[PDB]
Amino acid sequence: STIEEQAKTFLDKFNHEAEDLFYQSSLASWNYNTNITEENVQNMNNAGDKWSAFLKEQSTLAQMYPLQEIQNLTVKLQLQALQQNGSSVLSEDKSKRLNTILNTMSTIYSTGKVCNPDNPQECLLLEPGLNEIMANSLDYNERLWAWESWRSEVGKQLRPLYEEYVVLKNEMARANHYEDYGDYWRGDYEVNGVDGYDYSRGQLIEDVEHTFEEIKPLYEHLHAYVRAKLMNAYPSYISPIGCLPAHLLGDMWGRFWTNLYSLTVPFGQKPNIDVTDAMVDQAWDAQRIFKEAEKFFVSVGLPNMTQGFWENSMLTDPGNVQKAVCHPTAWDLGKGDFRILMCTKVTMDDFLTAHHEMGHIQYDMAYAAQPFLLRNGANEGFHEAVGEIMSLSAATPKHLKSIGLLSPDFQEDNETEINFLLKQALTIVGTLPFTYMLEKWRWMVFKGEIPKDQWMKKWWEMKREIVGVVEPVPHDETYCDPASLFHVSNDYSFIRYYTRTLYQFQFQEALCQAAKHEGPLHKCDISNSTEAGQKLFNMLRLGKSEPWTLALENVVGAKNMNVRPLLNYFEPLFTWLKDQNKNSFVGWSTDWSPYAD
Amino acid sequence: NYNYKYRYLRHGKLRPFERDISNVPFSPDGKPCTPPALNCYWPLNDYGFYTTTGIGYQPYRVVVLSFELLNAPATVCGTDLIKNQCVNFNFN
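Residues numbered from 1 in each chain as written, not as in the entry; some residues may be left out. Chains lettered and ligands numbered in written order. Part of a larger assembly, values for the part shown. Heavy atoms only, no water.

As recorded in the entry header, the structure was determined using cryo-EM to a resolution of 4.5 Å.

Here is the rule we go by: UniProt positions are given in the numbering used here, feature names are shortened, and annotations may be inferred rather than shown by experiment.
Under the PDB entry, the name given to chain A is Angiotensin-converting enzyme 2, and the organism recorded is Homo sapiens. Recorded under Sequence similarities, the UniProt text for chain A is reproduced unchanged: "Belongs to the peptidase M2 family."

### Quick notes on the packing of aromatic side chains
Residues and elements named next belong to chain A. Here is the rule we go by: For this analysis, a ring pair means two rings from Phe, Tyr or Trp (six-membered ring only for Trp) whose centres lie within 6.5 Å, classed as stacked if their planes differ by under 30 degrees, edge-to-face if by over 60, and tilted for the remaining angles. Each helix is a run of DSSP H or I of at least 4 residues and each strand a run of E of at least 2, with the numbering of both proceeding from the N terminus. Think of it in three bands: residues with accessible area under 20% of the maximum for their type are buried, residues over 50% are exposed, and the middle band is partly exposed, with areas taken using a 1.4 Å probe on protein chains only.
Evaluation of the coordinates by the stated rule reveals 51 aromatic pairs over all chains. When the ring of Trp51 is compared with that of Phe54, the centres are 5.7 Å apart and the planes differ by 20 degrees; the resulting orientation is stacked. Taken together, the residues span about one helical turn, with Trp51 and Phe54 both in helix α2 (residues 38-62) at a distance of three residues. Residue classification places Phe54 among the buried positions, given a relative accessible area of 4%. Between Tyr178 and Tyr184, the aromatic rings sit 5.4 Å apart at their centres with planes inclined by 80 degrees, giving edge-to-face as the arrangement. Looking at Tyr178, the relative accessible area reads 16%, which means it is buried. The partly exposed category is assigned to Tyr184, whose relative accessible area is 23%.

### Observations regarding the environment of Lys156 of chain A
Residue and element names in this part refer to chain A. As a reminder of what qualifies: As used in this structure description, the phrase polar contact means that two N or O atoms lie within 3.5 Å; if the pair is within protein, one of them must be able to donate a hydrogen and the other to accept it, and residues adjacent in sequence are counted only when both atoms belong to side chains.
Relative to the elements of secondary structure, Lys156 occurs in helix α7 (residues 155-175). Sequence spacing of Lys156 and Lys323 is 167 residues, and the spatial spacing of their C-alpha atoms is 30 Å. Of note is the side chain of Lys156, whose polar atom sits 3.0 Å from the side chain of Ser152.

### Here's the deal with the pattern of salt bridges
Residues and elements named next belong to chain A. Where we set the bar: Here a salt bridge means any side-chain nitrogen of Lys or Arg lying within 4 Å of a carboxyl oxygen belonging to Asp or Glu.
Considering all chains together, one arrives at 29 salt bridges over all chains under this definition. For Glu477, the salt bridge is made with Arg159, and the minimal N-O distance between the two is 2.5 Å. Of this pair, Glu477 sits in the loop between β6 (469-470) and α18 (486-489) while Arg159 sits in helix α7, placing them 318 residues apart in sequence. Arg159 sits in the buried class, given a relative accessible area of 7%. Notably, a salt bridge pairs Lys270 with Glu415, separated by 4.0 Å at the nearest N-O pair.

Structure, rendered in structure tokens:
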């Protein structure tokens with residue numbers, strides 16, 4: 001009949017053929033990342049190559065239809081996904097060269113190890129070993145050695161690959177009618193044809209800088225506080241007015257700073273909200289942790305998973321006989337087959353991670369009615385946000401107080417209140433200028449605002465100015481520690497965690513409005529209050545058929561990111577920070593350096 | 001087990017008890033095709049049963065117990081013995 005109906009007919013042919021193929025592809029990926037065998041690595045991408053040729057095949061077969069003749073937004077947004085030309089639109093030499101550069105970076109970022117300069121037998125890779133030395137070790141030389149050697153073995157090899165990668169990938173993104181590959185990120189946030197809920201691409205840089213300008217004083221006070229407590233931790237190693245060295249920040253770069261909390265604790269003589277030891281001492285296994293998380297998901301109004309989850313998922317690490325990756329990943333294999341792969345230990349971090357990935361699967365089960373490429377987030381930034389909602393609500397003292405942990409005659413006084421505030425605040429506050437700086441850096445490098453012979457120089461100057469982080473030993477352009485970062489070398493964005501961090505507390509204040517919580521946000525447990533889970537479900541199931549501005553306005557009432565709810569979560573803690581930073585310098589200085597002192 | 005296929009392309013609904021067997025190349029206004037022609041694909045596809053999947057994607061066998069009413073004498077219709085009591089009958 002009309003072109004709209006045969007667009008629907010052909011697109012339904014596409015999804016109904018695509019579903020079994022994507023199901024076999026995701027099964028290939030599951031049976032690879034649950035038992036690493038050579039049959040699994042060969043058959044993993046074979047059902048992936050079968051799928052990737054199918055998609056560019058049907059992309060070529062769908063573009064012949066008229067894009068600007070379809071009235072329905074719902075199937076024109078289907079056409080926007082299939083008429084996305086992808087990364088195969090180049091010269092066939094440079095497309096495979098870009099794919100091989102990405103794979104070479106992915107190999108040498110993960111296979112790389114550090115070695116003792118006098119002993120070529122003590123060699124250590126990233127996870128474990130270096131994520132354990134960089135977090136809780138107290139030796140200055142050992143943290144600096146692991147820190148610098150992780151940059152000195154692989155980042156020197158990762159620099160020419162990223163050097164070619166930026167030009168090849170921005171050539172692809174310009175071929176796809178974008179400014180750069182950062183603009184390719186922002187084009188996912190772009191929505192078209194909705195008349196009021198739409199999105200321009202420069203708004204992301206605009207609005208990230210908008211909220212960042214008021215993260216700057218909050219982050220400034222908390223950075224001054226954790227600088228003073230690292231002065232309590234590391235004598236004669238950190239200047240009080242200056243920045244912080246990146247080998248003392250808990251992680252390899254400066255992204256997560258929650259590991260500082262054990263040495264940046266406010267009140268060292270109060271019972272900690274972290275109930276990991278209470279989870280071990282009350283004798284839980286992996287199954288009881290996931291059942292308790294499922295109990296909270298029932299408490300907020302959300303159902304259980306499919307039977308395939310509790311039937312087939314790897315809820316426990318099998319060990320040496322069956323090796324498996326131990327990243328907690330929410331697997332969405334298609335055909336309603338929903339799993340979580342996690343080498344589960346008995347930890348409140350693992351309990352909140354059970355909440356996190358079960359919230360990811362909950363997001364998936366909400367969009368289970370959507371068609372195929374619509375079965376994703378509205379943006380890339382609400383998937384991790386919805387995952388983090390149940391972890392933020394399931395970390396409160398009221399929550400763990402009546403879980404069975406954290407004895408229920410516990411005082412909600414301001415001491416342990418500001419303790420739990422500052423524990424979550426090291427995370428939330430340390431992740432924002434690193435994400436701002438990293439995405440601004442990649443927008444600079446992908447657009448071309450940093451010249452390619454000054455990546456590492458402007459990198460650490462942005463760490464010193466924006467993040468307030470010095471490098472302890474100097475860095476020429478032989479390195480590329482951004483290419484020695486995880487989310488950069490493997491062709492991914494990172495601004496979804498920035499948007500996550502804002503819209504998280506937005507959604508949390510909106511759900512605690514639904515929960516009818518009265519004080520500040522941290523005491524709010526949304527368990528037994530189905531209004532919060534229902535208000536989450538008001539946005540949880542629409543997906544990409546409507547814009548993420550619409551799903552954001554359904555819950556918190558806006559079309560844009562905002563610095564207010566995070567600051568309202570930190571505001572009594574901000575009064576506490578003002579109470580604490582009177583005896584330290586408020587700020588950071590880019591002229592300090594632990595190699596130039 | 002993809003071997004139970006569903007017919008999903010036909011012009012219009014099925015009639016009372018219509019048993020559609022004929023497999024024709026389908027285009028949404030007739031127009032005799034042969035695949036892989038444009039808007040010319042099959043009216044049949046595979047279910048996609050694996051036991052690993054969700055509950056509604058598991059294979060269920062359905063009998064329809066179809067009623068047609070009294071077009072011939074009684075075909076299917078449907079009281080233990082009592083002893084030493086004044087009972088009523090209807091034997092064979």
